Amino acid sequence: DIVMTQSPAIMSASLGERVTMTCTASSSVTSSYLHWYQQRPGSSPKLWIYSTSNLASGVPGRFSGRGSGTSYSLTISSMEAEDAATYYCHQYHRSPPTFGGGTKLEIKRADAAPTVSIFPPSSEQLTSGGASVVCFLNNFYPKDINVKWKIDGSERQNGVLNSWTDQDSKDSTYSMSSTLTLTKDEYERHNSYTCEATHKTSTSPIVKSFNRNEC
């Protein structure tokens, strides 16, 4: 078929900046047969630019589309919060149609210190026989973060599940849940649990911990 690569795959642009992304195809594509679709993280794909130049119904005019031959570009004059989505180019020069790899556009912002919160296993889950220690890191930029789970002053790896949130719609920050699920025997055999988060915002990592016999 015709392979289309979109560069860059993931990009971060400050609010109000000018954004340009490119969609390069293996062969030449006739400009009438290459389109762009914008997909919000939670929603379905939406038609954005059709035939490389023309905006679909209900599309702001700050969106520009150029390109001919093997290279095509979608340009935004002024970046806005509502513009943060994924963009897919779509070619139909020859059957079968193929889609690009997608360009993930994210909003840049000033760095913010995360809020770290620890949670001992709940009573109901303790009754069931399980024990999970949940750590919440909320409202931090950028997306990169380091988490180490300490049990009695020793690192733990088994059962550590790290989950990242997509960028927030309001303050363009991220969130993370670090879950350490262990058996009841392993929970009751140990005393103190420490959640440590190392971030670019602060040189000193943020430490939050609790002890079973301390209250």
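Quick note: we count residues from 1 along the sequence shown, nothing fancier.
S.K.: Pick between 1-9 and 206-214: the one whose mean CA B-factor in the entry is higher.
M.R.: The stretch with the larger mean CA B-factor is 206-214.
S.K.: Once you work out the mean C-alpha B-factor for both 27-35 and 45-53 from the entry, which is higher?
M.R.: The stretch with the larger mean CA B-factor is 27-35.
S.K.: Could you check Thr75, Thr103, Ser95, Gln125 and tell me which one carries the biggest Cα B-factor in the deposited entry?
M.R.: Checking the PDB record, the top C-alpha B-factor among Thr75, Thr103, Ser95, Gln125 is at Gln125.
S.K.: Of the choices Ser64, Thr183, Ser163, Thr70, which one's C-alpha carries the largest B-factor in the record?
M.R.: That would be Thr183.
S.K.: Lowest, middle or highest third: where is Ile151 by C-alpha B factor in its chain?
M.R.: Answer is highest: the recorded C-alpha B-factor places it there.
S.K.: Taking the entry's C-alpha B-factors for this chain, is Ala85 in the lowest, middle or highest third?
M.R.: Answer is lowest: the recorded C-alpha B-factor places it there.
S.K.: Split into thirds by Cα B-factor across the chain's modelled residues, where does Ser132 land: lowest, middle or highest?
M.R.: As the PDB entry reports it, the C-alpha B-factor of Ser132 lands in the highest third of its chain.
S.K.: Check where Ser14 lands among this chain's C-alpha B-factors and tell me if it's the lowest, middle or highest third.
M.R.: Its C-alpha B-factor, which the entry lists for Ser14, ranks in the middle third among residues of this chain.
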